[PDB]
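Structure first, commentary second.
Number of protein chains: 2
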Amino acid sequence: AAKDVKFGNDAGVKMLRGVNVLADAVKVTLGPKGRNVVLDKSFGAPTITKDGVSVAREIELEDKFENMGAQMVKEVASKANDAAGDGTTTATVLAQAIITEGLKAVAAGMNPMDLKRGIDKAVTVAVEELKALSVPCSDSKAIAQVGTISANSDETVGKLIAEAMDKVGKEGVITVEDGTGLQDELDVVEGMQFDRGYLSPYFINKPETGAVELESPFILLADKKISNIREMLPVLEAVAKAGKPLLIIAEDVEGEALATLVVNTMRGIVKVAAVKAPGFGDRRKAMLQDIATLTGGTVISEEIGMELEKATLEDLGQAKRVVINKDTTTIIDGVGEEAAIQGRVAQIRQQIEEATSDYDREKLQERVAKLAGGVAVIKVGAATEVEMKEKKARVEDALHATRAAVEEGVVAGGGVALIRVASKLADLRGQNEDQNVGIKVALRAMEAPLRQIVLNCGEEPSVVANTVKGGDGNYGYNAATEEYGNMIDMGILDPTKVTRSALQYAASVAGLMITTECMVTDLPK
Amino acid sequence: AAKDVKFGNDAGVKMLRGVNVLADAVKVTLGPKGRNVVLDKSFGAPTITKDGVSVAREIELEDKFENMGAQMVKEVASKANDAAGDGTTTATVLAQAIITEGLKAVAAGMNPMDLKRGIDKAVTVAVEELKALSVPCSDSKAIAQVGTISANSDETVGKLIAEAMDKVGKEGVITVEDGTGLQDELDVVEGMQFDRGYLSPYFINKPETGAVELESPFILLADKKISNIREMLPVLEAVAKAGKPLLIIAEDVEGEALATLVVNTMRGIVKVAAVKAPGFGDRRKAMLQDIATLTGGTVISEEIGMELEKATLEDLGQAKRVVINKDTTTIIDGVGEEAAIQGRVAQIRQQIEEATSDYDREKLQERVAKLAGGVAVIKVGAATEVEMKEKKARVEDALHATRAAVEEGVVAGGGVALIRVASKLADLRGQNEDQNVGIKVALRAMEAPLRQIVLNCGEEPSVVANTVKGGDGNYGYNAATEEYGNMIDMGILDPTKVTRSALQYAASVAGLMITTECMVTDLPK
Ligand SMILES: Nc1ncnc2c1ncn2[C@@H]1O[C@H](COP(=O)(O)OP(=O)(O)OP(=O)(O)O)[C@@H](O)[C@H]1O
Ligand SMILES: [K+]
Ligand SMILES: [Mg+2]
Numbered sequence: 002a003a004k005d006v007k008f009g010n011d012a013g014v015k016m017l018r019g020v021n022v023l024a025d026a027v028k029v030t031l032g033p034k035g036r037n038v039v040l041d042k043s044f045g046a047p048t049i050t051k052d053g054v055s056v057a058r059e060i061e062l063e064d065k066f067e068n069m070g071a072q073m074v075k076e077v078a079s080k081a082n083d084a085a086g087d088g089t090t091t092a093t094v095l096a097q098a099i100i101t102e103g104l105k106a107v108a109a110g111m112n113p114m115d116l117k118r119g120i121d122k123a124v125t126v127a128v129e130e131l132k133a134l135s136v137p138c139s140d141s142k143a144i145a146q147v148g149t150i151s152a153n154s155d156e157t158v159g160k161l162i163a164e165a166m167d168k169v170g171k172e173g174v175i176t177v178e179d180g181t182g183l184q185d186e187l188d189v190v191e192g193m194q195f196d197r198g199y200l201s202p203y204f205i206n207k208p209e210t211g212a213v214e215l216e217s218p219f220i221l222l223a224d225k226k227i228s229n230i231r232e233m234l235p236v237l238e239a240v241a242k243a244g245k246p247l248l249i250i251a252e253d254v255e256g257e258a259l260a261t262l263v264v265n266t267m268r269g270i271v272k273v274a275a276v277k278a279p280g281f282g283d284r285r286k287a288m289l290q291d292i293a294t295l296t297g298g299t300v301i302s303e304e305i306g307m308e309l310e311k312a313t314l315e316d317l318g319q320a321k322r323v324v325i326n327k328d329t330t331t332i333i334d335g336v337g338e339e340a341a342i343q344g345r346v347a348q349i350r351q352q353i354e355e356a357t358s359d360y361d362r363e364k365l366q367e368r369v370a371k372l373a374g375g376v377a378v379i380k381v382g383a384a385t386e387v388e389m390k391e392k393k394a395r396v397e398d399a400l401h402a403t404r405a406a407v408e409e410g411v412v413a414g415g416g417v418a419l420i421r422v423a424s425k426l427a428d429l430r431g432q433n434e435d436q437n438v439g440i441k442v443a444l445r446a447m448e449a450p451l452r453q454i455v456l457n458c459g460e461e462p463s464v465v466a467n468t469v470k471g472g473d474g475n476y477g478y479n480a481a482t483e484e485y486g487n488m489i490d491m492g493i494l495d496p497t498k499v500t501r502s503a504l505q506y507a508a509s510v511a512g513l514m515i516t517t518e519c520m521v522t523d524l525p526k
Numbered sequence: 002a003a004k005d006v007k008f009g010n011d012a013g014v015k016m017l018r019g020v021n022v023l024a025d026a027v028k029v030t031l032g033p034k035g036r037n038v039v040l041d042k043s044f045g046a047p048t049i050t051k052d053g054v055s056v057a058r059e060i061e062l063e064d065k066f067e068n069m070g071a072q073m074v075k076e077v078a079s080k081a082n083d084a085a086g087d088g089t090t091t092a093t094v095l096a097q098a099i100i101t102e103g104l105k106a107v108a109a110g111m112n113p114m115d116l117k118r119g120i121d122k123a124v125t126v127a128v129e130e131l132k133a134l135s136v137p138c139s140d141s142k143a144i145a146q147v148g149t150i151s152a153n154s155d156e157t158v159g160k161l162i163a164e165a166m167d168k169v170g171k172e173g174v175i176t177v178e179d180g181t182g183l184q185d186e187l188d189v190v191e192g193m194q195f196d197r198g199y200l201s202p203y204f205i206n207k208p209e210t211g212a213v214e215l216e217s218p219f220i221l222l223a224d225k226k227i228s229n230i231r232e233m234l235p236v237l238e239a240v241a242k243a244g245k246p247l248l249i250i251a252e253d254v255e256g257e258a259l260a261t262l263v264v265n266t267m268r269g270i271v272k273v274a275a276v277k278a279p280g281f282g283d284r285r286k287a288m289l290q291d292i293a294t295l296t297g298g299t300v301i302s303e304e305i306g307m308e309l310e311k312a313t314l315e316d317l318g319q320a321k322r323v324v325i326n327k328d329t330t331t332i333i334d335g336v337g338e339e340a341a342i343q344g345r346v347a348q349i350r351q352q353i354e355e356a357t358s359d360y361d362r363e364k365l366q367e368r369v370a371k372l373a374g375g376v377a378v379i380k381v382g383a384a385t386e387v388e389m390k391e392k393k394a395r396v397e398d399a400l401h402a403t404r405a406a407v408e409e410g411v412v413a414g415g416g417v418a419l420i421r422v423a424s425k426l427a428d429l430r431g432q433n434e435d436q437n438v439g440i441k442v443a444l445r446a447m448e449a450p451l452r453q454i455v456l457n458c459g460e461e462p463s464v465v466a467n468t469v470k471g472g473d474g475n476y477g478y479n480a481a482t483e484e485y486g487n488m489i490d491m492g493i494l495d496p497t498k499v500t501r502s503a504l505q506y507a508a509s510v511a512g513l514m515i516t517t518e519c520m521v522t523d524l525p526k
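Sequences listed follow chains A and N, in order. Note that the entry's author numbering has the first sequence beginning at 2, numbered continuously upward. Note that the entry's author numbering has the second sequence beginning at 2, numbered continuously upward.
Quick look at the structure:
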């Protein structure tokens with residue numbers, strides 16, 4: 002259709018207005034004193050939230066160009082979310098800060114490309130510096146603290162997460178479900194859990210959790226790669242009857258075969274999901290067997306001259322339920338008999354005795370623990386369905402944040418880490434003045450998170466910012482108590498990973514907008 | 002009446018639009034290749050001109066705020082005109098260049114007061130530098146050359162001015178009056194000239210020169226203030242007869258008396274003009290006497306118990322012609338007898354001998370010079386009233402330009418002097434970045450004149466500017482021949498005085514607009 006086309010400044014003011022509406026709506030929810038945002042619903046009462054992502058999803062503007070600016074920066078939160086699962090609001094205020102000053106510099110006549118280069122250089126060095134300052138979240142105490150902090154100071158949620166990770170390990174699978182009513186519940190189910198997700202989406206039958214769930218399915222344990230569907234045809238049909246879904250746990254399911262499975266299960270033609278076998282090399286085969294012993298199946302390896310074509314429903318393993326995430330497979334309640342299973346345990350138990358290497362020893366103990374990984378399930382307390390659904394949300398977020406914290410060290414929270422980094426880069430320079438302005442734009446935007454947190458408290462941003470910059474190290478402002486102190490000692494930490502991600506995605510989208518010269522959209526008609 | 006009030010940016014864009022319309026209409030007339038501007042008349046054929054002042058006078062805009070901007074910058078040309086009588090177009094392009102970039106800097110967020118301070122510092126240093134590059138027009142040959150060139154190559158006008166300056170000295174008073182018909186006339190009258198203009202307009206009988214001219218008038222020399230007309234009645238009537246105009250040279254003519262004179266001479270009822278007596282205090286009386294000795298009059302002072310009522314046409318002085326400007330009175334060819342006059346000279350001549358103070362010595366030498374300086378009068382040739390009136394105008398301008406040339410000096414024309422000055426200030430800095438921006442705004446504006454001259458030629462401004470800046474000294478672009486060369490050798494010179502004035506007035510008005518925050522005007526109703 003006929004288009005409306007805008008250039009330079011005309012386009013710039015439109016974009017800026019669009020990012021401001023989005024960022025302003027989102028940033029009021031930042032930190033312990035975040036404010037509420039009410040989102041209208043077509044039916045019933047409006048939604049009241051302090052969740053940034055929830056607000057962003059609702060933002061769409063009337064002016065086509067302003068809407069483009071809003072949808073562009075909205076990409077910042079979504080990418081930061083996908084990558085770290087937290088810090089989307091932080092990423093949004095960093096982006097607004099960089100875009101605002103960057104566009105001002107452009108309007109002033111500065112070279113957009115140089116501005117972007119300067120911003121990029123500052124971010125590159127800032128990230129290195131962020132790593133240098135990064136400390137860990139390994140022990141259960143740290144995990145508890147981060148969990149508590151991520152749960153709005155709810156020490157309860159903190160303990161839960163810590164206990165759940167103590168059961169299945171901090172790398173294990175953990176889920177949260179509605180509670181039976183009052184008092185939380187934590188139980189490990191099959192069963193076993195290993196680090197391997199679906200070999201492709203679509204298998205996802207429950208987009209609510211973005212996971213795949215199968216009930217009383219058959220489990221094919223093939224010790225090899227599967228490229229040709231032909232091999233599956235015989236077993237797939239055997240499973241076609243008995244009306245039960247099939248879980249493929251092979252060394253890997255490549256294009257040809259995988260593509261077919263995706264299409265067939267897409268047409269209701271037999272429900273089948275595929276995931277890679279745990280580990281690699283030798284231990285892979287040994288582990289693929291542990292699953293067999295657990296599900297009562299039989300490994301189909303070519304090493305013993307076995308063919309998938311010559312595989313009956315008797316070779317297949319089976320369990321009451323199996324769940325698979327983007328990167329986790331959990332088999333709940335397997336058919337395997339305690340005789341075989343417990344016997345398998347005894348075997349591996351001796352393996353540990355004959356262990357001549359710590360590495361081999363560790364790997365073996367990992368198997369016995371799993372067989373004797375599973376899935377830790379957290380059932381949220383209650384006392385009224387409303388509160389129960391709420392606490393469930395908090396536990397979910399706290400878990401998500403703590404998981405991120407465990408993966409990559411931690412740094413002082415409350416926006417102080419970025420402020421310390423910015424101060425260390427005061428002498429950073431580029432190839433020219435415009436690049437230097439870009440560097441300064443980035444260092445200035447690095448104070449935005451702390452300033453917005455303070456602003457949401459009802460305090461003065463410049464005063465608090467000035468005071469924090471005055472000290473050093475982990476010295477920061479505790480917005481919950483409105484007292485200065487050592488952020489680490491007060492338990493206010495952020496996973497280095499979310500801080501880094503927030504900054505990189507903010508600078509990335511900001512750089513693109515700053516170097517945008519023209520915009521095209523449908524004519525308002 | 003109700004007002005429309007605008008602030009900041011809103012006011013700024015209006016002002017800018019207004020100066021742009023005025024400056025753009027005016028600047029097309031700059032230099033040897035200036036284009037024509039057609040100005041509509043209510044009757045007959047339109048006026049076609051290449052004269053900047055003529056164009057500026059017609060500019061008035063419909064938008065009240067835009068019109069304010071145009072009228073404001075119009076002040077630049079008028080002041081530059083009053084001070085140097087040339088370079089009003091140059092001053093206008095300089096003002097537009099400073100205003101344009103200055104307002105851009107303001108919109109960019111820079112401090113107006115600092116921008117103005119930087120612009121002012123640059124101009125202060127630029128003027129000093131202009132003086133340093135300034136070169137002489139001392140001998141009559143040079144005076145004749147400059148005069149000829151200023152008279153559109155009319156060697157006649159050049160000789161006239163040179164002779165006039167040879168009579169009364171290059172620092173002496175010189176006037177131009179209509180000729181008696183064919184052939185020019187140069188005669189020195191009492192002549193004498195002092196710094197006192199008409200005590201009010203209206204007396205101005207020749208708005209062409211905005212001056213008052215009287216022929217063979219009587220001169221009343223009253224040593225006191227005149228408030229009551231009664232005192233004049235007797236003498237005014239005595240002058241009513243003999244059909245001759247009257248020149249009142251009293252200590253001062255206050256309201257009552259002055260008001261009457263303005264009304265009567267307004268109705269053709271006796272032609273009379275009044276001007277204050279030269280000097281003040283004691284010397285005043287001594288000087289009032291010098292005029293008497295020159296015009297053959299008698300000072301009527303109350304000190305000797307004399308009354309204006311008891312004053313006959315015999316007491317009054319007389320001269321063939323007298324001319325008075327806004328601030329100058331010149332008595333040409335007085336009746337006084339060489340015996341009395343020369344004797345008076347001898348007296349004052351001894352006064353200088355007995356002088357015990359330099360000040361008293363200086364003041365005395367001033368009187369002898371006037372009485373022994375007079376006023377040279379140039380009566381322009383003729384051969385038809387039309388041509389006579391035209392040549393008179395040329396002589397007036399040429400004279401004005403030569404006068405300035407004699408005082409200072411000259412610099413390379415074609416805008417190169419300002420370009421050379423700008424390059425010499427490349428390292429100039431202020432107290433902060435905003436002041437530095439102001440400095441750059443001014444140095445950049447200094448290139449506008451040469452650029453506009455080139456643009457009017459139909460050539461490329463940036464190319465020529467780049468080439469001229471590449472060379473040094475008097476190297477410049479001859480817009481008439483479109484060849485580079487030594488501006489002085491090619492005879493392209495500007496009086497340092499007009500270049501300095503154009504720059505100072507441009508900067509002065511630009512500084513005011515740049516620091517304007519609010520505009521008030523009548524509601525368009
Ligand atoms: N007591 C506290 N004082 C200061 N800052 C705190 C405190 N508790 C938490 N924070 C900080 O608040 C920020 C996180 O706030 P919030 O969860 O509202 O936004 P986000 O994680 O950036 O985005 P999302 O909307 O995805 O949660 C981090 O900088 C965190 O360290
Ligand atoms: K929040
Ligand atoms: Mg968060």
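Where a beta carbon is used, it is the ideal one built from N, C-alpha and C, also for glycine.
Could you check whether the Cβ of residue i sits closer than 8 Å to any heavy atom belonging to ligand 3?
{"i": "A/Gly415", "result": "no"}
{"i": "N/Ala466", "result": "no"}
{"i": "A/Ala402", "result": "yes"}
Report yes if the C-beta of residue i is less than 8 Å from at least one heavy atom of ligand 1; otherwise report no.
{"i": "residue 1 of chain A", "result": "The shown model of chain A, from 2 to 526, leaves out residue 1 of chain A, and the question about it has no answer."}
{"i": "A/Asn82", "result": "yes"}
Counting contacts by CB-CB distance shorter than 9 Å, is residue i in contact with chain A?
{"i": "N/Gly110", "result": "yes"}
Secondary structure at residue i, three-state DSSP: helix, strand or coil?
{"i": "N/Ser302", "result": "strand"}
{"i": "N/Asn68", "result": "helix"}
{"i": "A/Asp167", "result": "helix"}
{"i": "N/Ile205", "result": "coil"}
{"i": "N/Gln184", "result": "coil"}
{"i": "A/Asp361", "result": "helix"}
Hey, quick one: how far does the alpha helix (DSSP H) through residue i stretch, first residue to last?
{"i": "A/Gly439", "result": "434-446"}
{"i": "A/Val455", "result": "449-458"}
Answer with yes or no whether the minimum CB distance from residue i to chain N is below 9 Å.
{"i": "A/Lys105", "result": "yes"}
By the DSSP assignment, the beta strand (DSSP E) with residue i in it spans what residues?
{"i": "N/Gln319", "result": "318-325"}
{"i": "A/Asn487", "result": "484-487"}
{"i": "A/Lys7", "result": "4-8"}
{"i": "N/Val378", "result": "376-380"}
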